[PDB]
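Heads up, the thing below is written out as structure tokens.
What follows is calculated from the coordinates using simple rules that are stated; it is not laboratory data. When we count neighbours, we look across all protein chains shown, and the Cβ atoms used for this are built from the backbone with ideal geometry, even at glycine.
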Amino acid sequence: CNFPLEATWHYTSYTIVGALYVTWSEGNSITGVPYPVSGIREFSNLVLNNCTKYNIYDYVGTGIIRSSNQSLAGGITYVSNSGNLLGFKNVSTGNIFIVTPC
Amino acid sequence: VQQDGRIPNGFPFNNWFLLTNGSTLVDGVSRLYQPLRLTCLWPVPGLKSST
Amino acid sequence: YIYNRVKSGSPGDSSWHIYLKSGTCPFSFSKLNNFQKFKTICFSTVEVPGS
Ligand SMILES: *[C@@H]1O[C@H](CO)[C@@H](O[C@@H]2O[C@H](CO)[C@@H](O[C@@H]3O[C@H](CO[C@H]4O[C@H](CO)[C@@H](O)[C@H](O[C@H]5O[C@H](CO)[C@@H](O)[C@H](O)[C@@H]5O)[C@@H]4O)[C@@H](O)[C@H](O[C@H]4O[C@H](CO)[C@@H](O)[C@H](O)[C@@H]4O[C@H]4O[C@H](CO)[C@@H](O)[C@H](O)[C@@H]4O[C@H]4O[C@H](CO)[C@@H](O)[C@H](O)[C@@H]4O)[C@@H]3O)[C@H](O)[C@H]2NC(C)=O)[C@H](O)[C@H]1NC(C)=O
Ligand SMILES: *[C@@H]1O[C@H](CO)[C@@H](O[C@@H]2O[C@H](CO)[C@@H](O[C@@H]3O[C@H](CO[C@H]4O[C@H](CO)[C@@H](O)[C@H](O)[C@@H]4O)[C@@H](O)[C@H](O[C@H]4O[C@H](CO)[C@@H](O)[C@H](O)[C@@H]4O[C@H]4O[C@H](CO)[C@@H](O)[C@H](O)[C@@H]4O)[C@@H]3O)[C@H](O)[C@H]2NC(C)=O)[C@H](O)[C@H]1NC(C)=O
Ligand SMILES: *[C@@H]1O[C@H](CO)[C@@H](O[C@@H]2O[C@H](CO)[C@@H](O[C@@H]3O[C@H](CO[C@H]4O[C@H](CO)[C@@H](O)[C@H](O)[C@@H]4O)[C@@H](O)[C@H](O[C@H]4O[C@H](CO)[C@@H](O)[C@H](O)[C@@H]4O)[C@@H]3O)[C@H](O)[C@H]2NC(C)=O)[C@H](O)[C@H]1NC(C)=O
Ligand SMILES: *[C@@H]1O[C@H](CO)[C@@H](O[C@@H]2O[C@H](CO)[C@@H](O)[C@H](O)[C@H]2NC(C)=O)[C@H](O)[C@H]1NC(C)=O
Ligand SMILES: *[C@@H]1O[C@H](CO)[C@@H](O)[C@H](O)[C@H]1NC(C)=O
Ligand SMILES: *[C@@H]1O[C@H](CO)[C@@H](O)[C@H](O)[C@H]1NC(C)=O
């Protein structure tokens, strides 16, 4: 599939210049990143206490994340029966985070 | 190894992963097709470069 | 759309039928004369990327 490259002179005339071609297959080996992160050995980001957009273990949405601590024995993802994050446990440790819709 | 190759109920699967070809499950219940019936099981096997 | 069988002067070409097929486009060629509306169009007899 492709992305046509178009040219115009002040949006009067329009013509195609060329195109960018891309192939792909679905899966989870390669991830796009918003900017050229450097220095960091393992990439993640977490903002607390006011609205964010998040991508957390493939759950995507918006809201406010706050830290807490409860004896949540079990896995690392907690969701509603509508598929929305209620919270998550930060894998390497026992800290848990609560996710709310601002 | 139990009769018919079952893993004993109550075992903790300390380092046993589910195999995948793509995505992974994190939390939930489902029917899987996985290499979990044993014909053998060899403890602390003694594998060396001479094996 | 015009098929010039008449170019032969003696239409043995009447045994041939040459016409446009339904295209890969969200419109029928023959219906482009109804009151269809565009911002821009352009037509070509040669391959154009994205067309
Ligand atoms: C399939 O896998 C599942 C996924 O992991 C599994 O479910 C999980 O099962 C474990 C059992 O191993 C859950 O156990 C939790 O343990 C808490 C931890 O404390 C215990 O364990 C420590 C480690 O084992 C011990 O150190 C500690 O014991 C010590 O302290 C005691 C207290 O001081 C003392 O008496 C002992 O001597 C000792 O000194 C202890 O034993 C425990 O807190 C936890 O909380 C539940 O119970 C509280 C009491 O009922 C409720 O107050 C809490 O409020 C919990 O109930 C919630 O979860 C139930 C399970 O999900 C629901 O029925 C309830 O409705 C309630 O759910 C609400 O809240 C959830 C938010 O908290 C929300 O998501 C729900 O929608 C709902 O709103 C609990 O025992 C573990 O958490 C289960 N984990 C998960 C994620 O569910 C399931 O068993 C497996 N399937 C099969 C077939 O087995
Ligand atoms: C990632 O994606 C790959 C994608 O292909 C997938 O690998 C494929 O796995 C299946 C399972 O791992 C392999 O296919 C066959 O599986 C049977 C499984 O046993 C069941 O079925 C038989 C028949 O229904 C029952 O009797 C049995 O009880 C079970 O219920 C194997 O037995 C097949 O093995 C054959 O080949 C061996 C080597 O060639 C022979 O020794 C064996 O005799 C088999 O012969 C049979 O099949 C031949 C097929 O060409 C046929 O010619 C023979 O007559 C005879 O019938 C077999 O392997 C499938 O091969 C796998 N893929 C690849 C690349 O090989 C991965 O599992 C998936 N991974 C994950 C984690 O999802
Ligand atoms: C899940 O839980 C783990 C639990 O450990 C969290 O991972 C750790 O994150 C901290 C951040 O959370 C990493 O530790 C250190 O972070 C610094 C981050 O910068 C902020 O904090 C400093 C704190 O002094 C402020 O000055 C600064 O403004 C920022 O606000 C790094 O700069 C540190 O680097 C230094 O130490 C390392 C280790 O000794 C040296 O290699 C570096 O040269 C340097 O001197 C440092 O890394 C901590 O390392 C992380 N944990 C692990 C295991 O690595 C995860 O963040 C959390 N998950 C999520 C999503 O947050
Ligand atoms: C069949 O014959 C006619 C003549 O019998 C052919 O048409 C003529 O071809 C000549 C030269 O080849 C031209 O000068 C004439 O002017 C043609 N006729 C007309 C009306 O223009 C015809 O092409 C032959 N047709 C075939 C073989 O398909
Ligand atoms: C709100 O977000 C801005 C960034 O969007 C940050 O400066 C500020 O501390 C935030 N927190 C709160 C609770 O106001
Ligand atoms: C931990 O839980 C207590 C439970 O009573 C709460 O007051 C405290 O803020 C929690 N949060 C954190 C991050 O410690």
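Against the list (1) surrounded by 11 or more Cβ atoms within 10 Å (Cβ to Cβ); (2) out of contact with any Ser or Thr (no Cβ under 6 Å at 6 or more places or on another chain); (3) not small (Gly, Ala, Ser), the condition A:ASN45 fails is (1).
Within the range B:19-40, can you find the residues that are over 30 Å from A:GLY83 (Cβ atoms) and surrounded by 10 or more Cβ atoms within 10 Å (Cβ to Cβ)? Those that are over 30 Å from A:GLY83 (Cβ atoms) and surrounded by 10 or more Cβ atoms within 10 Å (Cβ to Cβ): B:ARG37, B:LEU38. A search for C-beta distances below 7 Å between a residue of the range B:29-50 that is closer than 16 Å to B:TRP16 by Cα and away from every other protein chain (no Cβ under 14 Å) and any residue that is within 16 Å of ligand 1 (Cβ to nearest atom) and not hydroxyl-bearing (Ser, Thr, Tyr), counting only pairs 6+ apart in sequence or on different chains, returns B:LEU32/B:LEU18; B:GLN34/B:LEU18; B:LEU36/B:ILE7; B:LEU38/B:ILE7. Of all the listed residues (A:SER67, A:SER82), the sole one being more than 17 Å from the chain's Cα centre (by Cα), farther than 17 Å from B:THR24 by Cβ, away from chain B (no Cβ under 14 Å) and surrounded by 12 or more Cβ atoms within 10 Å (Cβ to Cβ) is A:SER67. Criterion applied to A:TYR54, A:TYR14 was being surrounded by 10 or more Cβ atoms within 10 Å (Cβ to Cβ), without any contact (Cβ under 8 Å) to a residue 60 or more places away in the chain and within 14 Å of chain C (Cβ to nearest Cβ), and the one residue passing it is A:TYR14.
Which members of the range A:68-84 meet the condition of being within 27 Å of A:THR31 (Cα to Cα) and within 15 Å of ligand 3 (Cβ to nearest atom)? If you could, list the steps in order and put the result at the bottom.
First pass over the range A:68-84, keeping only residues within 27 Å of A:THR31 (Cα to Cα): A:75-80, A:82-84.
Of everything in the range A:68-84, those that are within 27 Å of A:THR31 (Cα to Cα) and within 15 Å of ligand 3 (Cβ to nearest atom) turn out to be A:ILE76, A:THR77.
Looking at the range B:1-16, which of its residues are charged (D, E, K, R) and either surrounded by 10 or more Cβ atoms within 10 Å (Cβ to Cβ) or within 10 Å of the chain's Cα centre (by Cα) (or both)? If you could, list the steps in order and put the result at the bottom.
Filtering the range B:1-16 for residues charged (D, E, K, R) gives B:4, B:6.
Result: B:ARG6, single match.
The set of residues in the range A:1-19 being in a strand (DSSP E or B) and of a type in the set (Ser, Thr, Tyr) consists of A:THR8, A:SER13, A:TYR14, A:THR15.
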